[PDB]
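The data block below is start32.cif; it holds mmCIF, C-alpha atoms.
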data_query
#
loop_
_atom_site.label_atom_id
_atom_site.label_comp_id
_atom_site.auth_asym_id
_atom_site.auth_seq_id
_atom_site.Cartn_x
_atom_site.Cartn_y
_atom_site.Cartn_z
CA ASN A 206 4.48 6.56 -45.31
CA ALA A 207 3.17 9.87 -44.02
CA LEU A 208 1.87 8.16 -40.86
CA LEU A 209 5.14 6.61 -39.78
CA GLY A 210 7.19 9.56 -40.99
CA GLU A 211 5.49 12.14 -38.81
CA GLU A 212 5.32 9.73 -35.88
CA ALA A 213 9.06 9.11 -36.08
CA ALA A 214 9.71 12.83 -36.45
CA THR A 215 7.97 13.83 -33.24
CA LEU A 216 9.46 10.82 -31.47
CA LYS A 217 12.98 11.87 -32.48
CA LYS A 218 12.23 15.36 -31.20
CA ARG A 219 11.32 13.89 -27.84
CA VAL A 220 14.43 11.72 -27.74
CA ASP A 221 16.41 14.94 -28.05
CA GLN A 222 14.39 16.49 -25.23
CA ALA A 223 14.99 13.38 -23.13
CA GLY A 224 18.69 13.75 -23.71
CA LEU A 225 18.47 17.32 -22.44
CA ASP A 226 16.62 16.21 -19.32
CA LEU A 227 19.21 13.48 -18.78
CA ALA A 228 21.84 16.19 -19.04
CA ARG A 229 20.27 18.43 -16.42
CA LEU A 230 19.91 15.49 -14.04
CA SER A 231 23.60 14.74 -14.59
CA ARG A 232 24.46 18.36 -13.82
CA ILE A 233 22.33 18.41 -10.67
CA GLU A 234 23.86 15.17 -9.45
CA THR A 235 27.29 16.72 -9.96
CA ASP A 236 26.24 19.78 -7.95
CA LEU A 237 24.75 17.72 -5.13
CA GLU A 238 27.76 15.38 -5.09
CA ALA A 239 30.16 18.30 -4.73
CA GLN A 240 28.05 19.74 -1.95
CA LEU A 241 27.87 16.41 -0.12
CA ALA A 242 31.66 16.16 -0.37
CA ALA A 243 32.04 19.60 1.21
CA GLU A 244 29.54 18.94 3.98
CA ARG A 245 30.99 15.48 4.63
CA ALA A 246 34.37 17.07 5.21
CA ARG A 247 32.74 19.64 7.47
CA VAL A 248 30.95 17.07 9.65
CA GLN A 249 33.97 14.78 9.96
CA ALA A 250 36.23 17.71 10.85
CA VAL A 251 33.81 19.05 13.43
CA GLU A 252 33.64 15.60 15.02
CA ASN A 253 37.43 15.52 15.16
CA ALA A 254 37.45 18.94 16.81
CA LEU A 255 34.87 17.63 19.26
CA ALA A 256 37.13 14.77 20.32
CA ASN B 206 7.35 1.01 -44.90
CA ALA B 207 9.62 -1.69 -43.49
CA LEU B 208 12.39 0.86 -42.84
CA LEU B 209 10.05 3.28 -41.08
CA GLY B 210 8.54 0.45 -39.03
CA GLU B 211 11.94 -0.68 -37.78
CA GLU B 212 12.90 2.91 -36.96
CA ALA B 213 9.63 3.53 -35.12
CA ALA B 214 9.91 0.35 -33.06
CA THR B 215 13.52 1.08 -32.09
CA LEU B 216 12.75 4.68 -31.15
CA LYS B 217 9.68 3.64 -29.16
CA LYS B 218 11.80 1.22 -27.16
CA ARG B 219 14.36 4.00 -26.73
CA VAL B 220 11.84 6.52 -25.44
CA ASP B 221 10.33 3.98 -23.05
CA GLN B 222 13.76 3.20 -21.61
CA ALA B 223 14.42 6.93 -21.43
CA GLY B 224 11.24 7.42 -19.44
CA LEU B 225 12.31 4.71 -17.01
CA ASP B 226 15.81 6.12 -16.56
CA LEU B 227 14.51 9.66 -16.09
CA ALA B 228 12.09 8.38 -13.46
CA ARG B 229 14.76 6.62 -11.43
CA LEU B 230 17.09 9.60 -11.73
CA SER B 231 14.29 11.77 -10.36
CA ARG B 232 13.91 9.37 -7.45
CA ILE B 233 17.59 9.34 -6.63
CA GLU B 234 17.94 13.10 -6.91
CA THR B 235 15.05 13.50 -4.49
CA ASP B 236 16.90 11.14 -2.17
CA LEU B 237 19.99 13.33 -2.43
CA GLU B 238 17.87 16.37 -1.65
CA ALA B 239 16.68 14.62 1.51
CA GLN B 240 20.12 13.44 2.60
CA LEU B 241 21.55 16.89 2.01
CA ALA B 242 18.92 18.50 4.20
CA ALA B 243 19.33 15.86 6.90
CA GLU B 244 23.07 16.01 7.28
CA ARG B 245 23.13 19.79 6.87
CA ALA B 246 20.92 19.89 9.92
CA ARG B 247 23.38 17.45 11.48
CA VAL B 248 26.56 19.42 10.94
CA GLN B 249 25.10 22.86 11.59
CA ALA B 250 23.30 21.89 14.79
CA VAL B 251 26.58 20.24 15.71
CA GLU B 252 28.43 23.52 15.18
CA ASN B 253 26.04 25.16 17.61
CA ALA B 254 26.04 22.32 20.14
CA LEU B 255 29.80 21.86 20.23
CA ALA B 256 30.43 25.59 20.40
CA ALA C 257 14.29 1.77 15.46
CA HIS C 258 11.99 4.57 14.34
CA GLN C 259 14.61 5.81 11.90
CA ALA C 260 14.92 2.28 10.52
CA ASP C 261 11.15 2.13 9.96
CA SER C 262 11.34 5.59 8.40
CA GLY C 263 14.01 4.40 6.00
CA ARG C 264 12.01 1.33 5.01
CA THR C 265 8.91 3.36 4.23
CA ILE C 266 10.88 6.15 2.56
CA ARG C 267 12.55 4.00 -0.06
CA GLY C 268 9.44 1.88 -0.65
CA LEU C 269 7.36 5.00 -1.16
CA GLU C 270 10.02 6.49 -3.39
CA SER C 271 9.94 3.31 -5.48
CA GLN C 272 6.23 3.67 -6.08
CA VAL C 273 6.66 7.35 -6.88
CA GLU C 274 9.25 6.74 -9.57
CA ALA C 275 7.04 4.03 -11.02
CA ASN C 276 4.30 6.64 -11.19
CA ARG C 277 6.54 9.26 -12.78
CA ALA C 278 7.75 6.77 -15.38
CA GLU C 279 4.15 6.01 -16.27
CA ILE C 280 3.60 9.76 -16.46
CA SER C 281 6.24 10.37 -19.11
CA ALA C 282 5.43 7.14 -20.95
CA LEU C 283 1.66 7.51 -21.21
CA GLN C 284 2.48 11.09 -22.14
CA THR C 285 4.58 9.78 -25.01
CA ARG C 286 1.66 7.75 -26.28
CA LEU C 287 -0.53 10.81 -25.84
CA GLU C 288 1.63 12.99 -28.04
CA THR C 289 1.78 10.21 -30.62
CA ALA C 290 -1.98 9.88 -30.69
CA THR C 291 -2.64 13.60 -30.87
CA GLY C 292 -0.18 14.18 -33.70
CA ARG C 293 -1.66 11.22 -35.54
CA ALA C 294 -5.17 12.58 -35.22
CA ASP C 295 -4.07 16.02 -36.36
CA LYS C 296 -2.26 14.99 -39.50
CA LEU C 297 -4.89 12.46 -40.52
CA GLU C 298 -7.28 15.38 -40.34
CA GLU C 299 -4.78 17.20 -42.53
CA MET C 300 -4.47 14.95 -45.51
CA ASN C 301 -8.06 13.79 -45.16
CA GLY C 302 -9.03 17.36 -45.94
CA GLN C 303 -6.49 17.54 -48.74
CA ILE C 304 -7.63 14.32 -50.34
CA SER C 305 -11.23 15.44 -49.97
CA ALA C 306 -10.25 18.41 -52.12
CA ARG C 307 -8.74 15.94 -54.57
CA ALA D 257 12.54 16.52 15.42
CA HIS D 258 12.98 13.19 13.65
CA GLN D 259 9.37 12.24 14.29
CA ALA D 260 8.13 15.49 12.77
CA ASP D 261 10.61 15.39 9.89
CA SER D 262 9.84 11.81 8.87
CA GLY D 263 6.11 12.39 9.30
CA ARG D 264 6.21 15.37 6.97
CA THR D 265 8.36 13.46 4.49
CA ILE D 266 5.81 10.67 4.40
CA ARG D 267 3.19 13.39 3.89
CA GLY D 268 5.01 14.96 0.97
CA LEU D 269 5.75 11.70 -0.76
CA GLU D 270 2.28 10.27 -0.21
CA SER D 271 0.80 13.46 -1.63
CA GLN D 272 3.00 12.97 -4.64
CA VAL D 273 1.58 9.45 -4.88
CA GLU D 274 -2.10 10.31 -4.98
CA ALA D 275 -1.49 13.32 -7.20
CA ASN D 276 0.45 11.12 -9.57
CA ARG D 277 -2.37 8.58 -9.46
CA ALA D 278 -4.75 11.32 -10.55
CA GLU D 279 -2.35 12.38 -13.29
CA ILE D 280 -1.96 8.81 -14.57
CA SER D 281 -5.71 8.34 -14.54
CA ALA D 282 -5.85 11.49 -16.62
CA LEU D 283 -3.25 10.01 -18.96
CA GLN D 284 -5.27 6.88 -19.68
CA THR D 285 -8.51 8.86 -19.95
CA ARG D 286 -7.41 11.40 -22.52
CA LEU D 287 -5.26 8.73 -24.17
CA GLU D 288 -8.32 6.63 -24.90
CA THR D 289 -10.24 9.71 -26.02
CA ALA D 290 -7.51 10.69 -28.46
CA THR D 291 -7.07 7.16 -29.75
CA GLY D 292 -10.82 6.96 -30.30
CA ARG D 293 -10.72 10.17 -32.32
CA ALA D 294 -7.83 8.70 -34.29
CA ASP D 295 -9.64 5.41 -34.88
CA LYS D 296 -12.86 7.00 -36.12
CA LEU D 297 -10.94 9.41 -38.32
CA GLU D 298 -8.97 6.47 -39.69
CA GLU D 299 -12.20 4.70 -40.57
CA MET D 300 -13.33 7.77 -42.49
CA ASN D 301 -9.90 7.83 -44.11
CA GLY D 302 -10.47 4.29 -45.36
CA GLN D 303 -13.88 5.24 -46.72
CA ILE D 304 -12.68 8.29 -48.62
CA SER D 305 -9.69 6.36 -49.93
CA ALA D 306 -12.00 3.72 -51.39
CA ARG D 307 -14.25 6.36 -52.94
#
Full structure transcribed into structure tokens:
Amino acid sequence: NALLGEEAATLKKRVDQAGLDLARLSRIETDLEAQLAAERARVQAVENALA
Amino acid sequence: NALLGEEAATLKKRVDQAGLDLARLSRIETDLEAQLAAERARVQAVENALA
Amino acid sequence: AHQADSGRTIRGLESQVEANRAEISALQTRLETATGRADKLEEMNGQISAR
Amino acid sequence: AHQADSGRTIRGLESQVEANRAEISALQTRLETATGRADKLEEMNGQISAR
């Protein structure tokens, strides 16, 4: 009982940590996606100005 | 014991899948890093060249 | 052509790197499990020696 | 520029690969060490339990 209890306890702790890491990856993908939208608009517009 | 065993197995499967997902998120965010750098070079060098 | 070869090698190499990083976190899960196990078995082994 | 950029990218990612190989090797090494400590301690646990 003690064996599996402590094992499950630390494992649950790490599942929480994994959720946090998942969260920061989601945030960074949001940031990079916004930036790629902005720079996409910039490059398309500069090509239009070229033409 | 049966309850703890089921919980431990489920959480072990969970943390393995979490490891896999975190790995592939890391890969894709590195890809986004690379694409960002590449097309930033694109559009900025294009500002200079077109000007 | 060179950029096409670059792309091929880039995503293949990224694939192997995320496989590696997954193994990192996963073997690191088993490591924390093992180390906590060893610690707490030490713990109650001492206690039950006192008993 | 593309030659140099892709070459350095392959450098960075390959470096990640062998470093990660070293790290994984470390994971299995200390993982077996820890699980050996756990196994021997568990044997002694069985002995003291019987006594």
Taking only C-alpha atoms into account, produce a table as a tab-separated table in which each residue of chain A with an atom at most 8 Å from an atom of chain C appears once, together with its shortest atom pair and the distance in Å to one decimal, ordered by chain and rising number.
residue	atom	partner	partner_atom	distance
A:208	CA	C:293	CA	7.1
A:211	CA	C:292	CA	7.9
A:212	CA	C:289	CA	6.4
A:215	CA	C:289	CA	7.6
A:216	CA	C:289	CA	7.8
Just C-alpha atoms for this one: save the residues we selected as an mmCIF file, in the frame of the given file.
data_model
loop_
_atom_site.group_PDB
_atom_site.id
_atom_site.type_symbol
_atom_site.label_atom_id
_atom_site.label_comp_id
_atom_site.auth_asym_id
_atom_site.auth_seq_id
_atom_site.Cartn_x
_atom_site.Cartn_y
_atom_site.Cartn_z
ATOM 1 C CA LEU A 208 1.870 8.160 -40.860
ATOM 2 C CA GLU A 211 5.490 12.140 -38.810
ATOM 3 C CA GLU A 212 5.320 9.730 -35.880
ATOM 4 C CA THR A 215 7.970 13.830 -33.240
ATOM 5 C CA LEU A 216 9.460 10.820 -31.470
#
Could I get chain B fitted onto chain A (least squares, all C-alpha atoms, in order) as an mmCIF file with C-alpha atoms, keeping the file's coordinate frame?
data_model
loop_
_atom_site.group_PDB
_atom_site.id
_atom_site.type_symbol
_atom_site.label_atom_id
_atom_site.label_comp_id
_atom_site.auth_asym_id
_atom_site.auth_seq_id
_atom_site.Cartn_x
_atom_site.Cartn_y
_atom_site.Cartn_z
ATOM 1 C CA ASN B 206 4.516 7.376 -45.331
ATOM 2 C CA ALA B 207 2.535 10.092 -43.561
ATOM 3 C CA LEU B 208 2.090 7.877 -40.480
ATOM 4 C CA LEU B 209 5.784 7.007 -40.302
ATOM 5 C CA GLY B 210 6.747 10.655 -40.808
ATOM 6 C CA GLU B 211 4.578 11.801 -37.912
ATOM 7 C CA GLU B 212 5.952 9.022 -35.704
ATOM 8 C CA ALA B 213 9.547 9.852 -36.627
ATOM 9 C CA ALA B 214 9.111 13.567 -35.964
ATOM 10 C CA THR B 215 7.458 12.956 -32.588
ATOM 11 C CA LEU B 216 10.112 10.459 -31.515
ATOM 12 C CA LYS B 217 12.920 12.754 -32.660
ATOM 13 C CA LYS B 218 11.500 15.548 -30.532
ATOM 14 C CA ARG B 219 11.179 13.053 -27.679
ATOM 15 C CA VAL B 220 14.777 11.885 -27.907
ATOM 16 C CA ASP B 221 16.060 15.456 -28.110
ATOM 17 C CA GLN B 222 14.132 16.395 -24.972
ATOM 18 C CA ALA B 223 15.416 13.215 -23.354
ATOM 19 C CA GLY B 224 18.976 14.219 -24.152
ATOM 20 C CA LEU B 225 18.404 17.615 -22.561
ATOM 21 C CA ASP B 226 16.834 16.176 -19.414
ATOM 22 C CA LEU B 227 19.567 13.563 -19.038
ATOM 23 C CA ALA B 228 22.176 16.300 -19.374
ATOM 24 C CA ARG B 229 20.679 18.473 -16.656
ATOM 25 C CA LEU B 230 20.196 15.470 -14.387
ATOM 26 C CA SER B 231 23.880 14.677 -14.857
ATOM 27 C CA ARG B 232 24.729 18.243 -13.886
ATOM 28 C CA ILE B 233 22.607 18.196 -10.769
ATOM 29 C CA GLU B 234 23.861 14.799 -9.663
ATOM 30 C CA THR B 235 27.421 16.058 -10.000
ATOM 31 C CA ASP B 236 26.396 18.997 -7.836
ATOM 32 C CA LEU B 237 25.056 16.589 -5.225
ATOM 33 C CA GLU B 238 28.316 14.667 -5.361
ATOM 34 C CA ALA B 239 30.158 17.910 -4.616
ATOM 35 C CA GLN B 240 27.849 19.012 -1.811
ATOM 36 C CA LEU B 241 28.038 15.581 -0.234
ATOM 37 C CA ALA B 242 31.819 15.657 -0.203
ATOM 38 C CA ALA B 243 31.892 19.217 1.120
ATOM 39 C CA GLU B 244 29.559 18.787 4.040
ATOM 40 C CA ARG B 245 30.952 15.346 4.863
ATOM 41 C CA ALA B 246 34.259 17.089 5.333
ATOM 42 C CA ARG B 247 32.345 19.633 7.407
ATOM 43 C CA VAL B 248 30.687 17.260 9.837
ATOM 44 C CA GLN B 249 33.589 14.843 10.190
ATOM 45 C CA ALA B 250 36.223 17.521 10.750
ATOM 46 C CA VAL B 251 33.723 18.960 13.200
ATOM 47 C CA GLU B 252 33.578 15.649 15.065
ATOM 48 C CA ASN B 253 37.340 15.789 15.430
ATOM 49 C CA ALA B 254 37.514 19.488 16.297
ATOM 50 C CA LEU B 255 34.736 19.430 18.873
ATOM 51 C CA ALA B 256 36.035 16.248 20.463
#
Using all atoms listed in the file, find each residue in chain B having at least one atom no more than 8 Å away from chain A; report its shortest atom-to-atom pair and that distance in Å (one decimal), rows by chain then rising number, as CSV.
residue,atom,partner,partner_atom,distance
B:206,CA,A:206,CA,6.3
B:209,CA,A:209,CA,6.1
B:210,CA,A:209,CA,7.1
B:212,CA,A:213,CA,7.3
B:213,CA,A:213,CA,5.7
B:216,CA,A:216,CA,7.0
B:217,CA,A:216,CA,7.5
B:219,CA,A:220,CA,7.8
B:220,CA,A:220,CA,6.2
B:223,CA,A:223,CA,6.7
B:224,CA,A:223,CA,7.9
B:227,CA,A:227,CA,6.6
B:230,CA,A:230,CA,6.9
B:231,CA,A:230,CA,7.7
B:234,CA,A:234,CA,6.8
B:237,CA,A:237,CA,7.0
B:238,CA,A:237,CA,7.8
B:241,CA,A:241,CA,6.7
B:244,CA,A:244,CA,7.8
B:245,CA,A:244,CA,7.1
B:247,CA,A:248,CA,7.8
B:248,CA,A:248,CA,5.1
B:251,CA,A:251,CA,7.7
B:252,CA,A:251,CA,7.2
B:255,CA,A:255,CA,6.7
Using only C-alpha atoms, find each residue in chain D having at least one atom no more than 7 Å away from chain C; report its shortest atom-to-atom pair and that distance in Å (one decimal), rows by chain then rising number, as a tab-separated table.
residue	atom	partner	partner_atom	distance
D:262	CA	C:262	CA	6.4
D:269	CA	C:269	CA	6.9
D:273	CA	C:273	CA	5.8
D:276	CA	C:276	CA	6.1
D:280	CA	C:280	CA	5.9
D:283	CA	C:283	CA	6.0
D:287	CA	C:287	CA	5.4
D:290	CA	C:290	CA	6.0
D:291	CA	C:290	CA	5.8
D:293	CA	C:294	CA	6.7
D:294	CA	C:294	CA	4.8
D:301	CA	C:301	CA	6.3
Where's the centre, and what are the edge lengths in Å to one decimal, of a box along x, y and z enclosing all listed atoms of stretch 209-215 of chain B padded 4 Å per side, as AutoDock Vina command-line options?
--center_x 11.0 --center_y 1.4 --center_z -36.6 --size_x 13.0 --size_y 12.2 --size_z 17.0
Open item on the list: Matching each Cα of chain D to the same-order Cα of chain C and superposing by least squares, what RMSD do you find?
Closed with: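 When all C-alpha atoms are superposed, the deviation is 1.4 Å.
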Open item on the list: One decimal, in Å: what's the spacing between atom CA of residue A:256 and atom CA of residue A:243?
Closed with: 20.4 Å
TODO: Record the distance separating atom CA of residue A:235 and atom CA of residue C:268, expressed in Å with one decimal.
DONE: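 Value for the atom CA of residue A:235-atom CA of residue C:268 distance: 25.0 Å.
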